[PDB]
Amino acid sequence: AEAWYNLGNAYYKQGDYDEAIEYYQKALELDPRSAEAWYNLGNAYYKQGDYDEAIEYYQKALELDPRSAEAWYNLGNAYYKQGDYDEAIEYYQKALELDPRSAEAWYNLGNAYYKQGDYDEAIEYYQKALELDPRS
Ligand SMILES: [Tb+3]
Ligand SMILES: [Tb+3]
Ligand SMILES: [Tb+3]
């Protein structure tokens, strides 16, 4: 499994997401235990624009390891990209509960409320982002 995984990683690093997907899938067939590997497979689908696949593999990562702020955040991002703003909000909140340090994540939670048309919460979360990083 580890060898196929590392070949997927090398393709991923040069932006060959369809090859990364084929080799990650072969790795996971041999050993499905790593939350990180399912997360990397989700990322490959996300980079290709196949958000429904990214969601299925991020969910599998989080079933294995639910304290990954990064997996919750990317899950939120995949729902955001489908226009599922209510889900993005839920998973962004879960991410920020685990790790409130990223200005960018507070901003994206603000963006999801804005897209819902809930301007109060958009302002609340944009203000949290700008307190952390006022440069954009
Ligand atoms: Tb290719
Ligand atoms: Tb596609
Ligand atoms: Tb699909």
# chains A, B, ... in the order shown; residues from 1 in each chain; ligands from 1
>>> closest_atom_pairs(of="chain A", to="ligand 2", cutoff="10 Å", atoms="only C-alpha atoms and all ligand atoms", output="tab-separated table")
residue	atom	partner	partner_atom_place_in_ligand_line	distance
A:18	CA	ligand 2	1 (Tb)	9.3
A:45	CA	ligand 2	1 (Tb)	8.0
A:46	CA	ligand 2	1 (Tb)	9.5
A:47	CA	ligand 2	1 (Tb)	9.8
A:48	CA	ligand 2	1 (Tb)	6.1
A:49	CA	ligand 2	1 (Tb)	6.0
A:50	CA	ligand 2	1 (Tb)	5.0
A:51	CA	ligand 2	1 (Tb)	8.7
A:52	CA	ligand 2	1 (Tb)	9.9
A:53	CA	ligand 2	1 (Tb)	9.4
>>> write_last_selection(atoms="N, CA, C and O atoms", output="mmCIF file, in the first residue's frame")
data_model
loop_
_atom_site.group_PDB
_atom_site.id
_atom_site.type_symbol
_atom_site.label_atom_id
_atom_site.label_comp_id
_atom_site.auth_asym_id
_atom_site.auth_seq_id
_atom_site.Cartn_x
_atom_site.Cartn_y
_atom_site.Cartn_z
ATOM 1 N N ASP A 18 -5.712 13.054 -11.832
ATOM 2 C CA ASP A 18 -6.362 11.786 -12.284
ATOM 3 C C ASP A 18 -5.432 10.584 -12.009
ATOM 4 O O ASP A 18 -5.907 9.488 -11.586
ATOM 5 N N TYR A 45 -9.803 14.555 -5.799
ATOM 6 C CA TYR A 45 -11.101 14.779 -6.464
ATOM 7 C C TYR A 45 -11.475 16.259 -6.390
ATOM 8 O O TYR A 45 -11.979 16.786 -7.362
ATOM 9 N N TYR A 46 -11.246 16.901 -5.254
ATOM 10 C CA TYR A 46 -11.590 18.319 -5.067
ATOM 11 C C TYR A 46 -10.837 19.149 -6.110
ATOM 12 O O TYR A 46 -11.454 19.994 -6.745
ATOM 13 N N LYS A 47 -9.544 18.921 -6.261
ATOM 14 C CA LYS A 47 -8.696 19.669 -7.239
ATOM 15 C C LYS A 47 -9.180 19.425 -8.672
ATOM 16 O O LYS A 47 -9.026 20.301 -9.476
ATOM 17 N N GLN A 48 -9.753 18.265 -8.969
ATOM 18 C CA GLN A 48 -10.289 17.909 -10.314
ATOM 19 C C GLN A 48 -11.677 18.563 -10.515
ATOM 20 O O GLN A 48 -12.166 18.571 -11.632
ATOM 21 N N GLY A 49 -12.351 19.044 -9.461
ATOM 22 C CA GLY A 49 -13.687 19.662 -9.528
ATOM 23 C C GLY A 49 -14.813 18.644 -9.299
ATOM 24 O O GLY A 49 -15.995 19.018 -9.400
ATOM 25 N N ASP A 50 -14.479 17.423 -8.874
ATOM 26 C CA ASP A 50 -15.477 16.340 -8.662
ATOM 27 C C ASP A 50 -15.895 16.359 -7.196
ATOM 28 O O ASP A 50 -15.451 15.501 -6.397
ATOM 29 N N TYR A 51 -16.675 17.361 -6.817
ATOM 30 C CA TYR A 51 -16.923 17.659 -5.386
ATOM 31 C C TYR A 51 -17.712 16.545 -4.706
ATOM 32 O O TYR A 51 -17.506 16.353 -3.501
ATOM 33 N N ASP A 52 -18.613 15.874 -5.402
ATOM 34 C CA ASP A 52 -19.451 14.819 -4.770
ATOM 35 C C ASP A 52 -18.538 13.648 -4.340
ATOM 36 O O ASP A 52 -18.732 13.059 -3.228
ATOM 37 N N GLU A 53 -17.504 13.347 -5.130
ATOM 38 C CA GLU A 53 -16.494 12.314 -4.775
ATOM 39 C C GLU A 53 -15.664 12.842 -3.603
ATOM 40 O O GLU A 53 -15.394 12.079 -2.666
#
>>> residues_around(residues="residue 24 in chain A", least_positions_apart="4", cutoff="12 Å", atoms="only C-alpha atoms", output="ChimeraX atom specification")
/A:1-12,17-20,28-32,34,36-45,57
>>> residues_around(residues="range 84-96 of chain A", least_positions_apart="5", cutoff="8 Å", atoms="only C-alpha atoms", output="ChimeraX atom specification")
/A:68-73,75-79,101,105-106,108-109,112-113,115-116
>>> write_last_selection(atoms="N, CA and C atoms", output="PDB file, in the first residue's frame")
ATOM      1  N   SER A  68      -9.755  15.998  12.925  1.00  0.00           N
ATOM      2  CA  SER A  68      -9.000  16.676  11.848  1.00  0.00           C
ATOM      3  C   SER A  68      -9.763  17.954  11.451  1.00  0.00           C
ATOM      4  N   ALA A  69      -9.304  19.138  11.892  1.00  0.00           N
ATOM      5  CA  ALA A  69      -9.942  20.436  11.573  1.00  0.00           C
ATOM      6  C   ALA A  69      -9.896  20.597  10.045  1.00  0.00           C
ATOM      7  N   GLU A  70      -8.812  20.121   9.414  1.00  0.00           N
ATOM      8  CA  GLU A  70      -8.502  20.205   7.965  1.00  0.00           C
ATOM      9  C   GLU A  70      -9.525  19.402   7.172  1.00  0.00           C
ATOM     10  N   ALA A  71      -9.902  18.223   7.630  1.00  0.00           N
ATOM     11  CA  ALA A  71     -10.908  17.406   6.929  1.00  0.00           C
ATOM     12  C   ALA A  71     -12.301  18.053   7.020  1.00  0.00           C
ATOM     13  N   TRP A  72     -12.722  18.496   8.202  1.00  0.00           N
ATOM     14  CA  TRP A  72     -14.000  19.237   8.347  1.00  0.00           C
ATOM     15  C   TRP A  72     -13.990  20.460   7.426  1.00  0.00           C
ATOM     16  N   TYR A  73     -12.915  21.219   7.398  1.00  0.00           N
ATOM     17  CA  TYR A  73     -12.846  22.465   6.616  1.00  0.00           C
ATOM     18  C   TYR A  73     -13.000  22.142   5.127  1.00  0.00           C
ATOM     19  N   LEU A  75     -14.254  19.489   3.821  1.00  0.00           N
ATOM     20  CA  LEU A  75     -15.623  18.992   3.617  1.00  0.00           C
ATOM     21  C   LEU A  75     -16.551  20.205   3.419  1.00  0.00           C
ATOM     22  N   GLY A  76     -16.446  21.217   4.275  1.00  0.00           N
ATOM     23  CA  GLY A  76     -17.238  22.445   4.143  1.00  0.00           C
ATOM     24  C   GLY A  76     -17.019  23.079   2.780  1.00  0.00           C
ATOM     25  N   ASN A  77     -15.764  23.142   2.347  1.00  0.00           N
ATOM     26  CA  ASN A  77     -15.387  23.731   1.061  1.00  0.00           C
ATOM     27  C   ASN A  77     -16.060  22.977  -0.087  1.00  0.00           C
ATOM     28  N   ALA A  78     -16.078  21.650  -0.043  1.00  0.00           N
ATOM     29  CA  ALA A  78     -16.728  20.840  -1.086  1.00  0.00           C
ATOM     30  C   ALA A  78     -18.236  21.134  -1.124  1.00  0.00           C
ATOM     31  N   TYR A  79     -18.900  21.219   0.024  1.00  0.00           N
ATOM     32  CA  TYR A  79     -20.328  21.602   0.044  1.00  0.00           C
ATOM     33  C   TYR A  79     -20.548  23.020  -0.472  1.00  0.00           C
ATOM     34  N   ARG A 101      -7.784  29.315  14.694  1.00  0.00           N
ATOM     35  CA  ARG A 101      -6.638  30.237  14.447  1.00  0.00           C
ATOM     36  C   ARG A 101      -6.668  30.847  13.041  1.00  0.00           C
ATOM     37  N   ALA A 105     -10.455  30.616   7.418  1.00  0.00           N
ATOM     38  CA  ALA A 105     -11.633  29.759   7.710  1.00  0.00           C
ATOM     39  C   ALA A 105     -12.825  30.599   8.244  1.00  0.00           C
ATOM     40  N   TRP A 106     -12.571  31.511   9.173  1.00  0.00           N
ATOM     41  CA  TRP A 106     -13.615  32.444   9.669  1.00  0.00           C
ATOM     42  C   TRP A 106     -14.207  33.205   8.488  1.00  0.00           C
ATOM     43  N   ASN A 108     -14.387  32.310   5.304  1.00  0.00           N
ATOM     44  CA  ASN A 108     -15.217  31.422   4.464  1.00  0.00           C
ATOM     45  C   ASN A 108     -16.520  31.113   5.175  1.00  0.00           C
ATOM     46  N   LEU A 109     -16.527  31.018   6.502  1.00  0.00           N
ATOM     47  CA  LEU A 109     -17.799  30.837   7.234  1.00  0.00           C
ATOM     48  C   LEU A 109     -18.651  32.101   6.996  1.00  0.00           C
ATOM     49  N   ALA A 112     -20.166  31.879   3.553  1.00  0.00           N
ATOM     50  CA  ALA A 112     -21.302  30.941   3.475  1.00  0.00           C
ATOM     51  C   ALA A 112     -22.575  31.610   4.010  1.00  0.00           C
ATOM     52  N   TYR A 113     -22.488  32.375   5.095  1.00  0.00           N
ATOM     53  CA  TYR A 113     -23.692  33.056   5.606  1.00  0.00           C
ATOM     54  C   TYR A 113     -24.142  34.131   4.614  1.00  0.00           C
ATOM     55  N   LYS A 115     -23.863  34.104   1.416  1.00  0.00           N
ATOM     56  CA  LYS A 115     -24.503  33.410   0.249  1.00  0.00           C
ATOM     57  C   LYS A 115     -25.889  32.937   0.645  1.00  0.00           C
ATOM     58  N   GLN A 116     -26.082  32.555   1.900  1.00  0.00           N
ATOM     59  CA  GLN A 116     -27.420  32.244   2.441  1.00  0.00           C
ATOM     60  C   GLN A 116     -28.285  33.494   2.519  1.00  0.00           C
TER      61      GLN A 116
END
>>> residues_around(residues="range 132-135 of chain A", least_positions_apart="6", cutoff="9 Å", atoms="only C-alpha atoms", output="NGL selection string")
:A and (101-104)
>>> closest_residue(among="A:16, A:56, A:65, A:118", to="ligand 1", atoms="only C-alpha atoms and all ligand atoms")
A:16
>>> closest_residue(among="A:111, A:35, A:14, A:27", to="residue 83 in chain A", atoms="only C-alpha atoms")
A:111
>>> closest_residue(among="A:123, A:107, A:114, A:99", to="residue 136 in chain A", atoms="only C-alpha atoms")
A:107
>>> closest_residue(among="A:97, A:55, A:62, A:130", to="residue 80 in chain A", atoms="only C-alpha atoms")
A:55
>>> closest_residue(among="A:60, A:124, A:54, A:117", to="ligand 3", atoms="only C-alpha atoms and all ligand atoms")
A:54
>>> select_by_dssp(residues="range 2-124 of chain A", states="helix (DSSP H, G or I)", output="PyMOL selection string")
chain A and resi 2-13+17-30+35-48+51-64+69-81+85-98+103-116+119-124
>>> closest_residue(among="A:15, A:25, A:82, A:66", to="ligand 3", atoms="only C-alpha atoms and all ligand atoms")
A:82
